[PDB]
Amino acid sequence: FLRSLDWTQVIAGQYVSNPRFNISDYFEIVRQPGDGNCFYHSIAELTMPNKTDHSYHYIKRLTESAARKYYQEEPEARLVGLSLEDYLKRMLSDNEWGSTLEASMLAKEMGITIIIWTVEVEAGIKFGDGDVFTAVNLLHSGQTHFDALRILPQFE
């Protein structure tokens, strides 16, 4: 079923899909801290060995580095409207929320695909040109929270 996903390219490097499934049927959900850093915690969980509650600082560093190269060209930055410098100050701020903007920039900076499943699944948004099996899968819930997803072994 996971191979059957129908991704529509909407804008350079970004795809949307609307499959219907139970998250828990295909993924283990790795809950992340309910602080303001859950997005970065989630990325770290899936990218960094021996990950801890402090590992997210590194993802935020890669996000800074990414923005310097990609922020001005990022379509989603237009909703931010901030200059590169003011955005960085705010992004790097303690407990600040990550988002699809950072996801887009990180995907390019880390050379990965990031998939965000906003919930039962309402839709997926893919940043990068890879498929779900190789992707860093995130769970977006409450319109306010990110956790990490790992494909259950039987489907790997």
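Residues carry their position along the shown sequence, with the first being 1.
Participant: If I compare the deposited sequence with the modelled residues, how many are absent between residue 119 and residue 120: none, 1 to 3, 4 to 9, or 10 or more?
Facilitator: Missing in between: 4 to 9 residues.
Participant: On average, are the C-alpha B-factors higher in 5-13 or in 140-148?
Facilitator: In the deposited entry, the stretch with the higher C-alpha B-factor mean is 5-13.
Participant: Averaged over C-alpha atoms, is the B-factor higher for 85-93 or for 39-47 in this PDB entry?
Facilitator: Comparing averages over the C-alpha atoms only gives 85-93.
Participant: Going by the deposited entry, which of 61, 68, 31, 108 has the highest CA temperature factor?
Facilitator: Across 61, 68, 31, 108, the entry lists the biggest C-alpha B-factor for 68.
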